[PDB]
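Remarks on the overall topology
Given next are the chains, with one letter for each unit.
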Amino acid sequence: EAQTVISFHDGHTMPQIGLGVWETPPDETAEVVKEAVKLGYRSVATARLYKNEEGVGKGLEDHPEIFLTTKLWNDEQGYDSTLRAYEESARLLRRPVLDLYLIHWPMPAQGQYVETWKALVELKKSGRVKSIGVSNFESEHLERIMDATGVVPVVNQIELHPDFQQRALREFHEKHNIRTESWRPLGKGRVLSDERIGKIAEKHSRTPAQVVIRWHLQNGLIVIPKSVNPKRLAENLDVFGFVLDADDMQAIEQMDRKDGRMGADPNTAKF
Ligand SMILES: NC(=O)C1=CN([C@@H]2O[C@H](COP(=O)(O)OP(=O)(O)OC[C@H]3O[C@@H](n4cnc5c(N)ncnc54)[C@H](OP(=O)(O)O)[C@@H]3O)[C@@H](O)[C@H]2O)C=CC1
């Protein structure tokens, strides 16, 4: 069955599934991309941090058909320094006008991140990026920037996966037309082997992962899972051949913990 897409308040539209490009090293980046596209992967997403925009922009030579996301790193923040940052990402990536552009972290102690959003609202008023948004923002932080500059980011990317469901923030999100991208959507693989998922993947003749990748799907979550082993790739991507029930859905909802965070607390994270 054909895939799905999620759309944005700014009227653009992004496939609800895509490929993560975390870690995967610069020279194999090139390779792994094409290999992936050939699977029917429609979106790609990397970040500046990983420094494989070059490998992506070669990898995606003569594949404009595909939704390309990238993230402005923390040492490039402010107004004039972000515009600069964008051109160059666009250069290494090679698609002067990109699909999605994300502010990697707020870094609120660094206080320089609202400056950073104007630079963004600019790039879209120019129409030099298609769709702008952020990564790892809170209530406090988004409110702060929607009041400062009157435009909501289309997407805020955040940590989330069965053991952490930021339902507070997905309440705030939903109430501002904001799309919510899952970061580390398998809780780093803790759930690969969780026993609630050893029944629900049996049930539907699938592996534990897909089960969950789908969870994200059936929550309206743009999800961007990363593998290299192409067996996994086309596995992750084959998540439309089925569907789940509320017996299922409200059974993976019990997996949420208050303490389920595993990464930087973006309020407190220092780099
Ligand atoms: N500050 C922060 O916010 C934090 C960030 N991180 C970052 O997150 C990243 C960690 O990546 P990771 O946790 O591995 O990503 P995920 O949460 O996506 O973990 C899932 C892992 O499972 C594997 N996998 C993918 N598809 C399948 C499949 N079909 N069957 C079985 N296994 C599969 C993948 O590895 P494989 O390629 O082997 O398939 C993947 O690495 C790092 O960049 C790390 O620094 C970590 C902690 C905190």
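This entry, as listed in the PDB, derives from X-ray crystallography and reports a resolution of 3.2000 Å.

Quick look at the overall build of the protein now. What the protein contains, in helices and strands, is 10 helices and 10 strands. For 271 residues, the compact-globule estimate of 2.2 N^0.38 gives 18 Å, and the protein sits close to it at 18 Å. In terms of overall dimensions, the protein has C-alpha extents of about 55 × 40 × 35 Å along its principal axes. Burial statistics for the protein: of 271 residues in total, 53% are counted as buried. Counting only contacts in the protein whose residues sit at least 6 apart along the sequence, the fraction spanning at least 24 positions is 74%. Within the structure as shown, the protein displays about 12,400 Å² of accessible surface, and the carbon and sulfur contribution to it stands at 47%. Placing the 36 positive and 41 negative side-chain charges of the protein at their respective mean positions leaves the two points 1 Å apart.

What follows is about the nonpolar core. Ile-17 and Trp-117 are the most contacted members of the largest nonpolar core, which totals 58 residues. With 7 residues, helix α4 (residues 113–125) is the largest single contributor of residues to this core. With residues up to four places along the chain from it excluded, the contact list for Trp-117 reads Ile-103, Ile-132, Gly-133, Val-134, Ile-145, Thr-149, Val-151, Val-152 and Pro-153. Counting 9 residues, the second-largest nonpolar core is a separate cluster that includes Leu-100, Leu-102, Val-154 and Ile-222.

Our next topic: the site of the ligand. In the vicinity of the ligand lie 17 residues, with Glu-23, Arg-184, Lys-188, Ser-227 and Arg-232 positioned nearest. Between the ligand and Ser-227 there is a distance of 2.8 Å, counted from an oxygen atom to a side-chain nitrogen or oxygen. At 2.6 Å, a side-chain N or O of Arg-232 approaches an oxygen atom of the ligand. Here the ligand loses 77% of its free accessible area of 920 Å² to cover by the protein chains. Comparing atom positions with the cavity grids shows the ligand to sit within the largest pocket. Of the residues forming the shell around the ligand, the biggest block, 3 residues, is contributed by helix α9 (residues 230–237). For the shell around the ligand, the class distribution of residues is 8 nonpolar, 3 polar and 6 charged.

Moving on to helix α8 (residues 208–217). Buried residues dominate α8, accounting for 9 of its 10 residues. Every buried residue of α8 is listed here: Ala-209, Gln-210, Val-211, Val-212, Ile-213, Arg-214, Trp-215, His-216 and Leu-217. Elements that come into contact with the buried residues of α8 comprise α6 (167–174), β9 (179–183), α7 (197–203), β10 (222–223), α9 and α10 (246–252).

UniProt's entry tags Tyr-50 with the feature "active site" (unreviewed entry), counted in the numbering of this structure. Tracing the chain through its elements places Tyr-50 in the loop between β4 (43–45) and α2 (53–59). Not counting residues up to four positions away in its chain, the partners in contact with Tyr-50 are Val-21, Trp-22, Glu-23 and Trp-183.

Here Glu-23, not a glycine, exhibits a phi torsion of approximately 75°, which is positive. Looking at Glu-23, the relative accessible area reads 62%, which means it is exposed. Here the phi dihedral of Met-107 falls at roughly 60°; this positive angle occurs in a residue that is not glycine. Its place among the elements puts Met-107 in the loop between β6 (98–103) and α4.

Attention now goes to the sheet that holds strand β8 (residues 155–159). The strand order across the open sheet built from 8 strands is β3-β4-β5-β6-β7-β8-β9-β10, with neighbouring strands paired in parallel fashion. Among the strands making up the open sheet, the edge pair consists of β3 (19–20) and β10. One ladder, built from 5 bridges, connects β6 with strand β7 (residues 129–135); its direction is parallel. Bridging across to β7, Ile-103 finds its partner in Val-134. Along the sheet, α4 makes contact with β5 (67–72), β6 and β7, crossing β7 at roughly 160°.

Another point: a negative patch on the surface. Together, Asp-27, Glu-28, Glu-31 and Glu-35 line one region of the surface with negative charge. Inspection of the secondary structure puts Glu-28 in helix α1 (residues 26–37).

On to the side chain of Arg-95, then. With respect to the helices and strands, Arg-95 occurs in the loop between α3 (80–93) and β6. Judged by relative accessible area, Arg-95 falls into the buried class, the value being 13%. Within the structure, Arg-95 has its side chain in polar contact with the backbone oxygen of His-63 (distance 2.7 Å). Of note is the side chain of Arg-95, whose polar atom sits 3.3 Å from the side chain of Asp-99. Not counting the four nearest positions on each side in its chain, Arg-95 is found in contact with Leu-60, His-63, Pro-64, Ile-66, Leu-68 and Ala-90.

Basis of the calculations
Residues numbered from 1 in each chain as written, not as in the entry; some residues may be left out. Heavy atoms only, no water. Helix = DSSP H or I, 4+ residues; strand = E, 2+ residues; numbered from the N terminus. Rg over C-alpha atoms; globule rule 2.2 N^0.38 Å. Buried < 20%, exposed > 50% of the residue type's maximum accessible area, 1.4 Å probe, protein only. Contact = heavy atoms within 4.5 Å. Areas by Shrake-Rupley, 256 points an atom, 1.4 Å probe, with all protein chains shown as cover. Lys, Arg positive; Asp, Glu negative; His and termini not counted. Charge placed at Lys NZ, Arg CZ, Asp CG, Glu CD. Core = buried A, V, L, I, M, F, W, Y, C linked by side-chain atoms within 4.5 Å. Near = heavy atom within 4 Å. Polar contact = N/O pair within 3.5 Å; in protein donor to acceptor, adjacent residues only side chain to side chain. 1 Å grid on protein atoms, 1.4 Å probe; cavity = no way out; pocket = protein on both sides within 12 Å on 5 of 7 lines; lining within 4 Å. Sits in = over half its atoms within 2 Å of the grid points. Nonpolar A, V, L, I, M, F, W, Y, C, P; charged D, E, K, R; others polar. UniProt positions renumbered as here; feature names shortened; annotations may be inferred. Pairing = 2+ DSSP bridges. Axes fitted to C-alpha atoms, helices over the stretch in contact; angles between N-to-C directions. Patch = residues over 30% accessible without salt bridge, like charges linked within 9 Å, V, L, I, M, F, W, Y side chains within 5 Å. Salt bridge = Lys/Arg side-chain N within 4 Å of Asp/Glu carboxyl O.

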